[PDB]
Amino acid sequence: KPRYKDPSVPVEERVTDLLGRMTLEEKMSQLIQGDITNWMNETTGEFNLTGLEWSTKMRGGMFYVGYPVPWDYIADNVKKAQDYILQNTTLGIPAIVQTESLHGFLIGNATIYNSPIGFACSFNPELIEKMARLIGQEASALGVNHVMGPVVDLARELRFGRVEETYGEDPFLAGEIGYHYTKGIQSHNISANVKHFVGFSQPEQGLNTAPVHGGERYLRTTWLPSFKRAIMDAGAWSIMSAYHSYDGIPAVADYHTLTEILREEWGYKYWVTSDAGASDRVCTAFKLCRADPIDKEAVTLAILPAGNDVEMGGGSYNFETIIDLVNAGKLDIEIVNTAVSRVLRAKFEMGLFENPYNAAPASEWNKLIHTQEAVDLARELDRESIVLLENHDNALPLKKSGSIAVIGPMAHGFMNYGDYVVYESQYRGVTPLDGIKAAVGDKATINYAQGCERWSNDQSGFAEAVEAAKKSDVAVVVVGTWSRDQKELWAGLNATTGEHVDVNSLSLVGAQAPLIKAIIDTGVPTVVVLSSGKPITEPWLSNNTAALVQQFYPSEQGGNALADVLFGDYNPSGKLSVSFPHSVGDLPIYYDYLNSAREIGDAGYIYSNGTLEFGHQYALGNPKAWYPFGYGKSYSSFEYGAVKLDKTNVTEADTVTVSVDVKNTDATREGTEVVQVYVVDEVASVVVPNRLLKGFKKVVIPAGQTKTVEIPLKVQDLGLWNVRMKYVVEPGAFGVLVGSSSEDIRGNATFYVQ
C-alpha cells in the first residue's frame, strides 16, 4: 500500500511519496500537454490504441479535448484514457482534461452565455458565480476536469481583438468577477486556469500578441490585481502564461513575475502552463535563440527555470530535451521536481486520485447539459448586461401595439455570438427579430428588413428598410461588429472582433452608419441597438436617435433578453465595463488614468454643417470618454442621500463601511441601480490613478421607495507601490466618491489613515 494512494495522508506527503517513485521520463510526461486526437479520430470517432499508449507515455499529465465532435466521442475517449492510466501504468496518475469555458462549455449544443465584456456590465458577480457553476456542471458531465478561464486581462487597448473575452478595463471589477467565476468552476472540483499572465492585452498597435510597453509600477498597480484575487483568495489550481513580452521580457520566460511575484510574494502553490505554441515563440518571434532548426534546449532553459511548469501543444514540444539537459548537467533535477510537484499538488487537492472518473452516463447528458435552469440563467444574465446609453422623451420602453420596424444586418439571419463558440453555433439561438415577434405576438405589426450586409458598402437593401420604417410607428435598427466560431475564425472568414482580428477603426463598418442615417431621415422615432464585442465610435447617434442601447455579444437568449428591456418587462440595469471613446484617434480611454492625464486643455470640435472649432487637446477632437466606465441609465431615476462613513479616523487594519440611501423617484416601476464607490488617494509619494472603483452594489429598489446601500472598503487594499516598489498604505486623506458612473458622482466623504 503506497502512501500517495492514501487519502488520509497529508497532501505534501502524498506528493513527496509519488515524486520519489517516478522516472525522469514520467516527470517529463507530466509537464507536456497531450491531445485527445492522438487516439480519437476527429471525423469517425475511431480509437487508436497505439496513439493512446504513446500520448500517455510522452505527454500524459493533461490533454486538450476542444474539438467540434459529438458528446460521446469526448466522453468515451476521455474514459479510455483514464482507464488506461489506472490499469496499464505503474503509478496511475490521473489526467487533467482541458477545454474552453469562456462564456460557455465549448461543445456543440451546450449553453451559450453572453460574452465576458457584456456580463461584466451586469455588475452582478453572484449571478456570474451561478453561471460558472452551471458551466462546470455541463463540462463535468463529459469527463472534463479543467477549463481555460477565466480571462482576467483588462480591456485597456480597444483595437485588440480579444477585448470581448475580458471583464472590461478596471482592475477591481475584473478582479471580483474573476474570483466569483473561479470559485463557481472550482465548486465542482474542476480546475480553473487564470489567463493570460501577465500584462497581455495592451499590445503595440493593438495587434494580436504584439509586445507591451510598460513599467513595473503599472504592472503591479493595474495588471496583477485581477490575477491576485482569483489566485490567492479563490485558490485557482492553474494559471496560463501569455504570448507577449513586457518591457522586453517574454511572459513565458519572466522569472521576476512567474517566480518572485507569483510564488515568493503571493504563495502560489500550483502550476503555470504556456499558451499554445508560446514556448516556440521564444526563438521564432522574440529571437532569443536560433529558430531553424529550433533550439529546443534554449527554449526549455529560458521557460522552465523562470517558473513556467508545463508546455502546451501548438509548438515544437521543446520540453522533450528535459532528459538531455538534466544528463548534460545544464538543468538541475530540482527545477523539474518542483514543476512536477506543482502539477501533482493540484491533482491531489482536485480529488483526482480518489475519483478520477468524472463523466456521467450517456442517458443523463441531456439532463445535465443545456438544462432549463442554464438557459433561463443565460437570459437573466444577458438581460442584466444590457446598457441603456440614451432614451429621449420616453421613447423606451416601447408599447406592445401599433407597428414596429425591425431593421439591420444584426436583427436576423444569424446569431451575433462572440468568439469561443463551436462551429455552427450561429445557426441556433433567439435573434432580436425572434425576440420582438414573441414579445408582441398578435398585438403589434412587425415590419422586418435586413437593410445591408454587415460586410458590404452596398446600399441596394436600403429602400426596403426605409419603406419598413416609413409605414411603422417606431423603428429598431440592430447594427455592430461580428466575430467567428472556432472553425470559421481560423479559416480566415471575415470579422471585426475576436482572437487574431484587430481593428484600426472603431466606427461602424460598411453600410451600417448610412443605413441608420437613412432610417432617421424618415422622421420615424429610431432606436439603435449596438450588437458588438467592444466600443463603437458614432458620437452623432446620442442626440440624433430616440434611444441608443448596448448589448454586447449575446447569449443564446439574446433576443428575448433584448425584448425584455425594449418592452419594459425588465428595467435595464447595465453599467459600462469599458469606456467608449469619441474616436480611435483618442486612445487609450480608460477611466483610471494617472493624475496629469486626460484633463489638460480645451477640446476642439467638427460640426456636421462643416464648421471647425479649433482647440488644443485636441485641435479638432476630444480626449474625454464619449461614455465613461460605469455609465448606464434606467427607465427610473435615482436620488442619493448623504454619504455616511462608519469610521473617519482609521488604521490600515480597519474596514470603512460606506453607507448611502438611494431613492427610486419613479412612481410606476421598480428599478435597479449600481451604486459605485471610487477611492481617491488625495496626496501620494508617487503618481497614482486619479480614481479607482473599490466597491459597488447592485440594488433593486421598489417604485417610490428608498433603499440603504452599504459597501465595505478594506483599507489594506487602497495603497500604492512606492519609489522602492513596496506596497504601502500611506497615512493621509482618502476621498470616497459615490456615484451612478465613474464621472456621475452624487456624494462624497473623506477618511484619514493614521
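The first residue of the sequence shown is number 1, and the count goes up from there.
**Q** With reference to the PDB entry, specify whether the mean Cα temperature factor is higher for 9 to 17 or for 737 to 745.
**A** Of 737 to 745 and 9 to 17, the stretch with the higher C-alpha B-factor average is 9 to 17.
**Q** Mean CA B-factor: is it higher for 607 to 615 or for 535 to 543?
**A** According to the entry, 607 to 615 carries the higher average C-alpha B-factor.
**Q** Going by the deposited entry, which of 687, 720, 711, 31 has the highest CA temperature factor?
**A** Answer for 687, 720, 711, 31: 711, with the highest C-alpha B-factor.
**Q** Whose C-alpha has the highest temperature factor in the PDB entry: 116, 171, 143, 641?
**A** Answer, based on the entry's C-alpha B-factors: 641.
**Q** Based on the deposited C-alpha B factors for this chain, I'd like to know if residue 677 is in the lowest, middle or highest third.
**A** As the PDB entry reports it, the C-alpha B-factor of residue 677 lands in the lowest third of its chain.
**Q** Per the entry's values, where does residue 727 land by CA temperature factor relative to the rest of its chain, in the lowest, middle or highest third?
**A** Middle third, going by the recorded CA B-factors of the chain.
**Q** Please place residue 195 in the lowest, middle or highest third of its chain according to the CA B-factor in the PDB entry.
**A** It belongs to the lowest third of the chain when residues are ordered by C-alpha B-factor.
**Q** Comparing residue 653 with the other modelled residues of its chain, is its CA B-factor in the lowest, middle or highest third?
**A** Its C-alpha B-factor, which the entry lists for residue 653, ranks in the highest third among residues of this chain.
**Q** Name the third of the chain's ranked CA B-factors that contains residue 592, choosing lowest, middle or highest.
**A** Bottom third by C-alpha B-factor.
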